[PDB]
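Residue 35 is where the sequence shown starts when you use the deposited numbering, and the numbers rise one by one after that. Cβ atoms here follow ideal geometry from the backbone N, Cα and C, with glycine treated the same way. Here is the structure we will look at.
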Amino acid sequence: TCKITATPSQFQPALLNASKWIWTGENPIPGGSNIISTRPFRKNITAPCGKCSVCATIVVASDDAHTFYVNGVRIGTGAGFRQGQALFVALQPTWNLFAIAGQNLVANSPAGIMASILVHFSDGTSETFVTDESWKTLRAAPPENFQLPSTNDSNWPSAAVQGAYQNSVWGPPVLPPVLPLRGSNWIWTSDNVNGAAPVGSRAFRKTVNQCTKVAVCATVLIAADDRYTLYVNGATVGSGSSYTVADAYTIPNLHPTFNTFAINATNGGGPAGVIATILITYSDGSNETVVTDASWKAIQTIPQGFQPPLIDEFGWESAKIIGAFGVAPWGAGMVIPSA
Ligand SMILES: *[C@@H]1O[C@H](CO)[C@@H](O[C@@H]2O[C@H](CO)[C@@H](O)[C@H](O)[C@H]2NC(C)=O)[C@H](O)[C@H]1NC(C)=O
Ligand SMILES: *[C@@H]1O[C@H](CO)[C@@H](O[C@@H]2O[C@H](CO)[C@@H](O)[C@H](O)[C@H]2NC(C)=O)[C@H](O)[C@H]1NC(C)=O
Ligand SMILES: *[C@@H]1O[C@H](CO)[C@@H](O[C@@H]2O[C@H](CO)[C@@H](O)[C@H](O)[C@H]2NC(C)=O)[C@H](O)[C@H]1NC(C)=O
Ligand SMILES: [Ca+2]
Ligand SMILES: [Ca+2]
Numbered sequence: 035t036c037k038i039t040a041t042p043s044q045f046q047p048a049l050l051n052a053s054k055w056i057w058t059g060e061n062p063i064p065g066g067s068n069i070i071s072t073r074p075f076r077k078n079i080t081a082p083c084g085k086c087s088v089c090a091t092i093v094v095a096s097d098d099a100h101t102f103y104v105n106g107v108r109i110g111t112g113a114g115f116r117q118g119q120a121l122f123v124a125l126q127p128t129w130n131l132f133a134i135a136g137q138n139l140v141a142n143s144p145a146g147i148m149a150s151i152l153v154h155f156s157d158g159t160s161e162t163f164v165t166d167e168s169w170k171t172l173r174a175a176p177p178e179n180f181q182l183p184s185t186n187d188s189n190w191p192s193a194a195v196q197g198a199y200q201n202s203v204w205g206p207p208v209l210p211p212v213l214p215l216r217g218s219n220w221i222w223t224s225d226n227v228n229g230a231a232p233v234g235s236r237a238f239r240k241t242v243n244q245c246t247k248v249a250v251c252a253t254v255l256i257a258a259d260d261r262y263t264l265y266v267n268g269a270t271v272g273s274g275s276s277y278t279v280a281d282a283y284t285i286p287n288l289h290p291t292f293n294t295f296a297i298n299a300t301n302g303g304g305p306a307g308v309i310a311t312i313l314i315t316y317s318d319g320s321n322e323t324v325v326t327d328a329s330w331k332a333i334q335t336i337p338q339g340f341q342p343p344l345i346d347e348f349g350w351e352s353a354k355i356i357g358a359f360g361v362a363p364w365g366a367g368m369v370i371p372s373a
């Protein structure tokens, strides 16, 4: 219902610094011993002002495990307090019901859930929402359909705070990478032969087109040896020149059904490659991941308009897999921005 005037930008990490650990308060000592149990947590969050909410980056950690729901839909499952888990989800424009089922799995041990929800709005702004005492819970196993908006949480008690980011039994969870490179492939043109490749620029193209769904936001993690410039639906998103520090980008104004990612990557000499991971969120709560692989198309001499969405791909080849993320010479040490 709002015009999206947000444009592609550098990825903005959701942080855990303002967030709180929550549980039920069955033990009034925070951080105290709790029984083996499963417990529900809910929060209805509304968009401010004359702002529409579009999508969200979530970071969630638990002692011991969780399941995360948005507007009734399961988005993810995770565990552990040492490191957060990254989730991405499209949102309803004016309100969104977040719900989490947490489990304590060890007897007499502490229990708790911590999250941060960075909501991106139509106008290009953002706000972080956190787990805290304003969430609702129950001192009992979650009812059938606790996560659906149609459940009335009006008589539920308030959640009890177990600790804060810096001051808790858990200590501060480490942020995960925004997206994994494990799972992707360094690619190039066919050109790249014995730890190769020649000195040109080369172009790569991937199209995603699920005509029965509505695509909302994309997040892109990318790096290249040496340098790249990245385009989505013909517009310039960004560029880089490091094969040891990756760049991440947010595309909040995706086309609903058809989107094209294109890269001009340049080899200055020696080995060469481009690697990327892309996550696209859909309005029904589902998502998809695309990675650099052989489904991408590539070409040795870059034509005018290589970046437009609808060009003829005749005489582009299947991109060559140089190797899975990890291979020499680049190794596994890429610095990846935090979620
Ligand atoms: C993308 O959505 C799906 C669910 O709609 C999520 O993952 C599936 O469910 C779990 C939960 O983390 C994963 O273990 C599996 O990998 C998926 N199924 C398998 C292996 O069979 C996923 O969390 C979502 N990703 C986000 C939101 O970033
Ligand atoms: C989350 O909060 C919103 C805003 O308070 C609720 O939506 C409103 O519901 C009222 C009465 O039920 C309607 O008359 C309004 O038109 C709605 N307001 C807006 C701004 O949309 C929403 O129902 C809540 N969701 C849940 C699951 O509790
Ligand atoms: C692909 O990218 C490379 C590197 O960014 C381009 O080569 C540069 O282009 C400018 C033209 O504006 C030249 O003045 C420079 O010689 C190059 N600069 C550097 C720093 O190497 C190449 O032209 C790109 N575009 C296409 C469509 O191929
Ligand atoms: Ca525990
Ligand atoms: Ca090189």
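Using DSSP bridges, identify the partner residues of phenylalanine 75. Its beta-bridge partners are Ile134 and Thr171.
Which residue marks the beginning of the beta strand (DSSP E) containing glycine 112, and which one marks its end? 107 to 113
When burial is assigned at 16 or more other CB atoms within 10 Å of the CB, is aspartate 318 buried or exposed? Around the beta carbon of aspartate 318, a 10 Å sphere encloses fewer than 16 other beta carbons of the protein chains shown; the residue is thus reported as exposed.
Can you tell me whether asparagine 78 sits near ligand 6, meaning its C-beta is under 7 Å from at least one heavy atom of the ligand? This structure simply doesn't include ligand 6; it includes ligand 1, ligand 2, ligand 3, ligand 4 and ligand 5 instead.
How big is the Cα-Cα spacing for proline 363 and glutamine 334? 22 Å
Check each residue's C-beta against every heavy atom of ligand 3 and list, in chain order, those closer than 6 Å. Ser235, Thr263, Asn298, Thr300 and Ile336
Using DSSP bridges, identify the partner residues of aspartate 259. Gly307
For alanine 120 versus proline 210, is the C-beta spacing smaller than 8 Å? yes
Is the CB-CB distance between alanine 81 and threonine 35 below 8 Å? no
Just the Cα atoms here: how many angstroms apart are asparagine 293 and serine 329? Cα-Cα distance, rounded: 15 Å.
Tell me the rounded alpha-carbon separation between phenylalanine 115 and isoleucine 256. Rounded to the nearest angstrom, the two C-alpha atoms are 28 Å apart.
Within 8 Å, do at least three Cβ pairs link the stretch 264 to 283 to the stretch 146 to 161? no
Quick check on the DSSP output: the beta strand (DSSP E) that includes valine 153 runs from which residue to which? That run of the beta strand (DSSP E) goes 146 to 155.
Could you tell me which whole alpha helix (DSSP H) segments of length 4 or greater appear in the stretch 289 to 371? none
Exposure label - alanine 133; buried when at least 16 CB within 10 Å: Note on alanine 133: 16 or more other CB atoms within 10 angstroms of its CB, so buried under the neighbour-count rule.
Distance between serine 168 and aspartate 187 (C-alpha atoms, nearest Å): 12 Å
Looking only at its own chain, which residues have a Cβ that is under 6 Å from the Cβ of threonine 326, when we skip the five neighbours before and after it? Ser218, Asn219, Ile221, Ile309 and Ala310
The stretch 191 to 203 touching the stretch 40 to 58, judged by at least three CB pairs closer than 8 Å: yes
Using DSSP with H/G/I as helix, E/B as strand and the rest coil, what is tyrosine 103? In the structure shown, the three-state DSSP call for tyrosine 103 is strand.
Could you round the C-beta distance between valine 250 and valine 88 to whole angstroms and report it? I think they count as a contact, below 8 Å. 6 Å
Would you say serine 202 touches ligand 4, meaning its beta carbon is less than 7 Å from a heavy atom? no
Are the stretch 86 to 106 and the stretch 339 to 351 touching, with three or more C-beta to C-beta distances below 8 Å? no
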